[PDB]
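Okay, here we've got a single chain as structure tokens, the form deposited in one PDB entry, with questions on binding and movement later.
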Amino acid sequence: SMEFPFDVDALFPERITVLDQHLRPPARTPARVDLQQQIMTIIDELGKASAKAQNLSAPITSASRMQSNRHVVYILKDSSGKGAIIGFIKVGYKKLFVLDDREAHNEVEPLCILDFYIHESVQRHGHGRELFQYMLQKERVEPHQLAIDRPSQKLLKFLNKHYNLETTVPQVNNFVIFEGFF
């Protein structure tokens, strides 16, 4: 997994840390601003890593952009010194126009899966599921109520395997939604 020039276990005492625009250092140290800089560095690097893996020319996730856009990120640390980071999922509500099965446009504002990444060295070990499930439970949203931003084939296979999400409603934007969404 991905390691950092500082102590991740101390920064993130919980296995899954939930952060929003205020980037609050979790309850216990270095000064608060220094801990926030650590968190920024982690999000910046997670976003970079997710970006390469997706053939992205630019990351969709960074510390500054998460703050400005008021997204929420769930970061999973490694349980296997100084700790390391396994991956993350980034979510947010977006106002969308979405097509239904009747090819009719609909104004909706669902919870969106905006970025999702698990370190390559530890994929297909069930970490993505654990993280996704945690997010669902915290957000109080059902999987079929989600919109997915530009999913990979991997993520589509994932959503089928773990949540029986298979049948999609064809869109012209770059979001995917499932039967059940409406």
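Each form is matched to the other, and the largest set of C-alpha atoms that superpose within 1.5 Å is called the rigid core. Numbering starts at 1 and runs along the sequence shown.
With each structure aligned by its rigid core, the stretch whose Cα atoms sit farther from this model in 7 other deposited structures of this protein, between 18 to 26 and 167 to 175, is 167 to 175. Remark: when the other structures in 7 other deposited structures of this protein are fitted onto this one via the rigid core, 63 to 71 deviates more than the alternative among 40 to 48 and 63 to 71, judged by RMS CA distance. Notably, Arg32 is an intermittent gap: at least a third of the other compared entries of this protein, restricted to those modelling both its neighbours, have no coordinates for it.
Going from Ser80 to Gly81, you skip over 4 to 9 residues of the deposited sequence that the entry leaves unmodelled. Where coordinates are absent for parts of the deposited sequence, a chain break appears; between neighbours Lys52 and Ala53 there is no such break. When 142 to 150 is weighed against 29 to 37, 29 to 37 comes out higher, by mean CA B-factor as recorded in the entry. Here the stretch with the larger average CA B-factor, out of 7 to 15 and 161 to 169, is 7 to 15. In this PDB entry, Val73 carries a Cα temperature factor that places it within the lowest third of its chain's modelled residues. For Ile60, the recorded CA temperature factor ranks within the middle third of the chain's modelled residues. Sorting the modelled residues of the chain by their CA temperature factor places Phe182 in the highest third.
Ranked by C-alpha B-factor against the other modelled residues of its chain, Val108 falls in the middle third. Annotation for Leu156: CA B-factor lies in the lowest third of the chain's modelled residues.
What follows is about the form solved in complex with a partner chain, which we do not show.
Although the partner is absent from this view, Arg150 contacts its partner chain in the deposited complex, with a non-hydrogen atom inside 4.5 angstroms. For the chain shown alone, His127 is not a contact residue for its partner chain in the deposited complex, no non-hydrogen atom being within 4.5 angstroms. The closest heavy atom approach of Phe178 to its partner chain in the deposited complex falls outside 4.5 Å.
In the deposited complex, its partner chain lies farther than 4.5 Å from every heavy atom of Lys77. Screening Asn174, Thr167, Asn160, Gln21 for any heavy atom within 4.5 Å of its partner chain in the deposited complex leaves a single hit, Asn174. Between the options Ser62, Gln37, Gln54, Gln133, the residue in contact with its partner chain in the deposited complex by a heavy atom within 4.5 angstroms is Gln54.
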